[PDB]
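Encoded as structure tokens, the structure appears first; notes follow it.
These numbers come from the heavy atoms of this one structure, side chains and all, not from hydrogens, waters or symmetry mates. Every chain is numbered from 1, with letters handed out A, B, ... down the list of sequences.
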Amino acid sequence: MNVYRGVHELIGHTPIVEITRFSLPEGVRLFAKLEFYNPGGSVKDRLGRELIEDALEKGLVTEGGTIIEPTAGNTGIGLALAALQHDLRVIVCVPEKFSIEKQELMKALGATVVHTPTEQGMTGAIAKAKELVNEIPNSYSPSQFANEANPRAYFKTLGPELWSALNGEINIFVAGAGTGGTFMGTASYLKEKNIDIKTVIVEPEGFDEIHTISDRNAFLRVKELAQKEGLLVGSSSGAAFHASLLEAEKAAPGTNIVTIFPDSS
Amino acid sequence: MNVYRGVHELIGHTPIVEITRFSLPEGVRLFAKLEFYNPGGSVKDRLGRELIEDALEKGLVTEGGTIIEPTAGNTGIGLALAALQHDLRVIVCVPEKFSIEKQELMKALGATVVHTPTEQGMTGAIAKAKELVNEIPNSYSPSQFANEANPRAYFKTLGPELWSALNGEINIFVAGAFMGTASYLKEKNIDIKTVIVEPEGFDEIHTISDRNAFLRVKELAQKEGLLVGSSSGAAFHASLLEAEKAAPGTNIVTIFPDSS
């Protein structure tokens with residue numbers, strides 16, 4: 001019975017597609033990991049899911065317990081979904097005027113939203129969270145690091161998915177940076193499997209190699225991907241793609257390039 | 001290598017998720033097929049894909065040939081994707097003012113857009129397509145039926161996916177305006193209750209209010225973390241109507257066609 005036991009099971013195992021319609025040099029291949037296939041539309045889901053499961057495994061909280069978050073951080077809807085999976089109440093502390101859309105999203109997903117003062121910002125949100133853990137049994141509140149910037153999730157899931165799908169046939173890894181980037185932990189995982197994997201970080205105009213990509217070039221790649229591969233992606237993917245093409249140019253035969261497309265059009 | 005050879009391979013084999021957080025009667029189960037997981041975001045991709053492959057198999061065209069469409073009809077981006085896969089050029093014949101957004105999409109996907117007079121509508125679009133087939137070699141233009149309303153695609157793909165994933169353990173099928181999928185399931189088993197969902201504006205039919213669909217949309221988000229559109233909510237409401245009076249052992253399958 002090939003069925004998903006809940007939406008949380010739809011996190012990860014995102015598609016990898018080979019790019020075959022860009023005239024790359026002999027022996028050169030290129031693969032794009034479509035992280036926008038996550039339920040919330042981004043790779044962030046992976047981090048939210050991981051936040052919950054690590055908190056459990058380490059016994060920081062248990063099923064039926066409560067999760068109190070400083071803001072939604074970079075958890076996508078993965079924290080909400082993994083919380084459902086484990087009968088965990090979600091409470092998000094958030095300064096009143098901060099990220100309104102995300103407040104509505106979290107309410108729609110059943111989380112309780114509490115407002116901290118608008119001027120105390122992130123600091124005040126963390127303040128309320130720690131109080132509530134000191135009022136609630138079976139309670140846990142992640143650090144800002146855990147909530148926003150932890151690479152462990154991608155080390156444990158995204159990395160291994162790439163290695164597996166490609167039978168360890170990987171030479172160059174290319175991904176966007178940032179807390180919202182993928183590079184975190186994925187590049188570390190790949191280096192552990194093979195130190196000869198060239199890790200390439202993609203910087204927007206806002207590791208073995210770094211490529212700084214203009215918005216203009218990312219936009220051009222967005223359009224080309226749509227026209228030639230029918231891949232409707234966002235500017236971050238375009239940027240990653242441009243960076244990947246920079247590598248494929250000077251690649252020798254037998255080179256396999258893997259990049260992450262984090263955003264849809 | 002678990003790799004997709006092109007985006008066209010991402011059409012279909014959409015997820016089925018079991019709904020387990022709605023207090024359902026004993027022995028009653030409910031499964032939602034998430035068709036919004038298709039590349040273009042809807043089930044229409046399967047029709048456009050099938051259109052191209054049927055045209056090939058029946059030899060109305062070969063790779064390198066040209067596809068001339070009267071409008072984009074109900075093909076989603078599946079016709080564009082299957083065309084890429086088979087080196088087929090796409091030309092869409094659209095009346096000037098008709099579906100502007102779809103024109104921009106088709107251009108982005110690499111198709112050539114030709115305008116027919118707005119007043120001549122579908123007939124003017126069908127008129128021009130016919131011309132161009134009579135001026136292009138390795139050329140094919142689908143009928144409005146083939147382009148908008150053919151259930152064969154879902155008979156061939158969607159139906160079989162549901163049957164396979166659930167090991168033939170299906171009792172009740174619930175979907176909005178169903179063609180093709182319900183036929184396939186009836187063939188597999190005649191005792192499958194097929195239920196059609198009608199929005200306000202075939203063993204059973206349920207007409208669902210916008211209000212009820214909206215309510216179900218919110219409940220799905222809150223209890224299952226499933227962010228869907230009103231068509232799904234409508235299908236879900238209709239499914240719950242069935243599940244209520246279901247006897248144990250009943251397995252219900254519904255299609256969620258739209259995302260939030």
Side-chain angles (χ1 to χ4, degrees), chain A residues 1-4 6-17 33-35 37-39 45-46 49 78 81-82 84-85 157-158 160-161 164-165, chain B residues 1-4 7-22 24 27-39 41-43 45-46 49-50 78 153-175 178 180-189 191-194 220 224-228 232 235-236 239 243 246 249-257 259:
Chain A
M1 238 213 183
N2 177 30
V3 175
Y4 288 96
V7 187
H8 64 91
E9 296 197 331
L10 285 170
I11 296 169
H13 301 102
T14 53
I16 207 171
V17 62
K33 183 71 158 159
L34 315 184
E35 280 303 297
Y37 264 80
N38 284 294
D45 285 352
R46 292 192 190 264
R49 182 212 221 171
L81 292 177
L84 284 185
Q85 182 189 347
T157 68
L158 178 45
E161 293 176 16
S164 178
Chain B
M1 268 203 171
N2 178 23
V3 175
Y4 289 94
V7 180
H8 57 272
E9 295 191 339
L10 286 176
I11 297 166
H13 301 103
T14 53
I16 194 159
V17 61
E18 186 174 0
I19 308 286
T20 64
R21 310 249 150 178
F22 285 79
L24 304 185
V28 179
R29 304 172 75 180
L30 171 58
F31 309 82
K33 181 73 154 160
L34 313 186
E35 281 299 301
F36 54 84
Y37 263 81
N38 284 292
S42 102
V43 72
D45 291 347
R46 312 184 170 258
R49 180 167 133 284
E50 153 78 10
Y154 309 136
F155 185 94
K156 271 196 173 180
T157 62
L158 183 46
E161 295 174 17
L162 301 181
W163 180 263
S164 176
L166 301 179
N167 267 268
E169 298 163 35
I170 295 163
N171 305 86
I172 302 178
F173 174 62
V174 179
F178 185 96
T181 314
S183 293
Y184 171 80
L185 294 174
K186 273 296 190 191
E187 287 205 23
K188 236 63 192 182
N189 188 327
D191 297 318
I192 294 178
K193 191 184 192 188
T194 58
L220 284 164
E224 291 279 1
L226 252 178
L227 299 170
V228 301
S232 306
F236 190 56
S239 295
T250 306
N251 275 357
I252 305 169
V253 184
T254 190
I255 291 164
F256 283 6
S259 56

Rounding to 0.5 Å, atoms NZ (B:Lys186) and OG1 (B:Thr181) come to a distance of 14.0 Å
Nearest 0.5 angstrom please: B:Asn167 CG to A:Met1 CE, how far? 7.0 Å
Taking atom CD1 of B:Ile11 and atom CD of B:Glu50, what is their separation to the nearest 0.5 Å? 11.0 Å
Exercise: identify the closest heavy-atom pair between A:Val3 and B:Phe31: CG1-CD2, 4.0 Å
Basic-acidic side-chain contact under 4.0 Å: B:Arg29, B:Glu169: no
So do the side chains of A:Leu10 and A:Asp45 get within less than 4.5 Å of each other, counting heavy atoms only? no
Without swapping roles, check the side chain of B:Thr254 against the backbone of B:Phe236 for a donor-acceptor pair under 3.5 Å. no
Determine yes or no for a side-chain-to-main-chain donor-acceptor pair under 3.5 angstrom, with A:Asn38 supplying the side chain and A:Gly12 the backbone. yes
Under 3.5 Å, side chain of B:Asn171 to main-chain N/O of B:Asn251, donor-acceptor pair present? yes
Note: B:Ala235 and B:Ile255 closest approach over all heavy atoms is CB-O, 3.5 Å
Could you walk me through whether B:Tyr37 and A:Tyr37 pass side chain to side chain contact (heavy atoms under 4.5 Å, CB included), step by step? CA-CA 8 Å; B:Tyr37 263 81; A:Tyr37 264 80; 4.2 Å; yes
Shortest non-hydrogen pair, A:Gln85 vs B:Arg21, comes out as O-NH2, 3.9 Å
Side chain to side chain donor-acceptor pair (under 3.5 Å) filter on B:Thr194, not counting sequence neighbours, yields none
Could you report the tightest heavy-atom contact between B:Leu30 and B:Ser239, atom names first, then the distance? CD1-CB, 3.9 Å
Nearest-0.5 Å distance, NZ of residue B:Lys193 to CG of residue B:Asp191: 13.0 Å
On a heavy-atom basis, which atom in A:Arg49 and which in A:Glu9 lie closest, and how many Å separate them? NH2-CA, 4.4 Å
Rounded distance (nearest 0.5 Å) linking atom OG of B:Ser232 with atom CG of B:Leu34: 8.0 Å
Sequence neighbours excluded, the answer for side chain to side chain donor-acceptor pair (under 3.5 Å) partners of A:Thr157 is A:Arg46
Does any part of the side chain of B:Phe36, heavy atoms only, come nearer than 4.5 Å to the side chain of B:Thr14, both counted from C-beta? no
Which residues satisfy the ring-ring contact (aromatic ring centres under 6.0 Å, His included) test with B:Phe256, sequence neighbours excluded? none
Residue pair B:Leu162 / B:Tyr184, side-chain heavy-atom distance below 4.5 Å: no
So B:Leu24 and B:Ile252, do their side chains get closer than 4.5 Å, heavy atoms only? no
Between B:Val253 and B:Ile192, is any pair of side-chain heavy atoms under 4.5 Å apart? no
What are the two closest heavy atoms between B:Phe155 and B:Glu187, and how far apart are they? CZ-OE2, 3.3 Å
Inter-residue atom distance B:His13.NE2 - B:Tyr4.OH, 0.5 Å rounding: 8.5 Å
Does the side chain of B:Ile170 come within less than 4.5 Å of B:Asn189's, by heavy atoms? no
Report yes if some heavy atom in the side chain of B:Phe22 is under 4.5 Å from a heavy atom in the side chain of B:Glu224; otherwise report no. yes
Would you say that B:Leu158 contacts B:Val43 through its side chain, given a criterion of any heavy-atom pair below 4.5 Å between the two side chains? yes
Dump the intermediate steps for side chain to side chain contact (heavy atoms under 4.5 Å, CB included) on A:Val7 and A:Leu84, then the final yes or no. CA-CA 9 Å; A:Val7 187; A:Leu84 284 185; over 6 Å; no
